[PDB]
Amino acid sequence: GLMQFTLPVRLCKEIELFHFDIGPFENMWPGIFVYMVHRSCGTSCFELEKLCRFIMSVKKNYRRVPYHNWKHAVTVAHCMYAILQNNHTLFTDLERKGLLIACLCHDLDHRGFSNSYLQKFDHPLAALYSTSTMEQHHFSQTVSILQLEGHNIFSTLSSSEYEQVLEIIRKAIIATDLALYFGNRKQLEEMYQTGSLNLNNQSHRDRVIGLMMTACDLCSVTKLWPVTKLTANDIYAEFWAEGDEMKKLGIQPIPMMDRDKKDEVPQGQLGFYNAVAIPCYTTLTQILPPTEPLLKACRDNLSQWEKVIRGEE
Ligand SMILES: Cn1ncc(C(=O)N2CCC2)c1C(=O)Nc1ccn(CC(F)F)n1
Ligand SMILES: [Mg+2]
Ligand SMILES: [Zn+2]
């Protein structure tokens with residue numbers, strides 16, 4: 001009951017900021033996550049014995065891939081923690097509980113390859129789940145880990161509170177499929193502009209939670225420039241591995257994924273900030289004004305990529 005996680009002073013302060021990097025010490029990430037749960041949710045949300053066992057099984061079920069790894073899980077949960085803390089009163093207790101767990105589990109058992117690569121490979125997961133393939137797999141893995149003896153962190157919820165939280169997690173994890181992001185954001189854009197947006201409308205909330213998940217998933221573009229730039233190498237290491245595997249199936253990959261076209265990366269970032277990241281944080285800032293620092297950081301990094309192209313680094 002009376003056992004707080006505490007962090008050293010620098011982490012204790014910086015963790016509250018959107019741009020916090022969780023650092024290179026793996027062994028501190030579980031504690032960082034427990035800390036965020038205790039402050040976002042309370043010291044009672046979860047049995048510490050069970051939360052700890054759940055965290056360590058989730059960690060075990062992330063693989064040693066360059067980008068889609070346990071550090072990404074904890075990073076994406078931290079961005080959600082900063083959103084929730086800067087919008088205290090807008091979110092239910094169930095939503096605070098469910099959304100940090102959703103972020104921690106959102107990429108469970110990722111191999112580092114896109115839904116498209118699975119489909120071209122004819123991976124069994126592509127037959128089991130025709131759309132949002134890896135994302136249906138991540139939610140599946142989440143439910144399995146929740147079902148291990150000792151791992152059900154939700155078991156103190158009422159039956160219907162339980163059904164609601166699993167349904168928050170499922171929708172949240174599916175929304176990390178970027179193929180669905182474009183439509184979701186357009187629809188949120190129209191609702192915000194015509195003024196029909198209503199957060200007491202579950203389907204409207206669902207959409208806003210989906211945009212939050214896209215925002216947290218892409219949060220590498222909202223870091224200090226050196227974090228952003230070094231993460232992009234991890235991101236590209238997976239993309240180029242996928243390009244290699246495409247070439248193996250006898251398919252020329254799109255240039256983003258072709259390691260023979262490293263030159264073209266700074267420009268491919270511009271497309272990505274302009275087509276994806278800036279629109280996502282713009283709509284997010286319109287709907288939840290206190291998330292503006294993510295838009296400001298994203299804009300700073302677009303400008304740093306413009307500088308790379310202009311030879312100036
Ligand atoms: C930086 N960042 N963060 C996350 C992702 C991403 O797409 N993921 C993570 C898994 C799929 C990227 C990224 O660089 N994406 C890019 C780069 C060029 N393009 C094509 C079009 F958008 F320009 N997309
Ligand atoms: Mg994913
Ligand atoms: Zn992710």
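Counting starts at 1 for both ligands and their atoms, in listed order. These numbers come from the heavy atoms of this one structure, side chains and all, not from hydrogens, waters or symmetry mates. By convention here, the first residue in the shown sequence is residue 1.
For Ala232, the closest heavy-atom approach to ligand 1 does not fall below 4.0 Å. Residue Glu238 places no heavy atom under 4.0 Å from ligand 1.
Within the listing of ligand 1, atoms 23 (F) sit less than 4.0 angstrom from a heavy atom of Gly271. Close contacts of ligand 1 with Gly268, meaning ligand atoms under 4.0 Å from a residue heavy atom, involve 18 (C), 23 (F). Every atom of ligand 1 with a heavy atom of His68 under 4.0 Å away is listed here by number and element: 10 (C). Proximity to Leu218 (heavy-atom distance under 4.0 Å) selects the following atoms of ligand 1: 4 (C). The atoms of ligand 1 that sit less than 4.0 Å from any heavy atom of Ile235 are 1 (C), 2 (N), 3 (N).
Ring planes of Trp70 and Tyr62: tilted class, angle from 30 to 60°. Ring geometry for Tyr81 versus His78: interplanar angle of 30 to 60°, hence tilted. Taking the six-membered ring where the residue is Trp, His106 and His72 present tilted rings, their angle falling between 30° and 60°.
Around the Mg ion (ligand 2), the protein contributes the following N, O or S atoms at distances under 2.8 Å: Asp107 OD1.
When the side chains of ILVMFWY residues are joined at heavy-atom separations under 4.5 Å, either directly or via intervening members, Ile168 and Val143 end up in a single hydrophobic cluster. When the side chains of ILVMFWY residues are joined at heavy-atom separations under 4.5 Å, either directly or via intervening members, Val221 and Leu224 end up in two distinct hydrophobic clusters.
Residue contacts with ligand 1 for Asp217 are absent, since no atom lies close enough (heavy atoms, distance under 4.0 Å). When heavy-atom distances to ligand 1 are checked against a 4.0 Å cut-off, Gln269 comes that close only through its side chain, counted from C-beta outward.
Side chains of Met212 and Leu84 form a contact here, defined as non-hydrogen atoms less than 4.5 Å apart. Considering only heavy atoms from C-beta on, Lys247 comes within 4.5 Å of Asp260 through its side chain.
With rounding to the nearest 0.5 angstrom, the CH2 atom of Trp305 is 13.5 Å from the CZ atom of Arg310. Taking OH of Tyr181 as the reference point, atom OG1 of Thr283 lies at 6.0 Å (rounded to 0.5 Å).
Few gaps surround CD on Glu306; more than 12 heavy atoms of other groups in view lie less than 6.0 Å from it.
If you count the protein N, O or S atoms nearer to the Zn ion (ligand 3) than 2.8 Å, you get 4.
The residue among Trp305, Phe272, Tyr273 with a heavy atom at the shortest distance from atom 22 (F) of ligand 1 is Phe272.
A salt bridge is absent between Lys97 and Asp93: the closest approach of a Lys/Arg side-chain nitrogen to an acidic carboxylate oxygen does not fall below 4.0 angstrom.
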task: Run the numbers on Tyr67 and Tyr236 for ring-ring contact (aromatic ring centres under 6.0 Å, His included), then give the verdict.
output: CA-CA 9 Å; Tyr67 175 64; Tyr236 276 77; over 10 Å; no
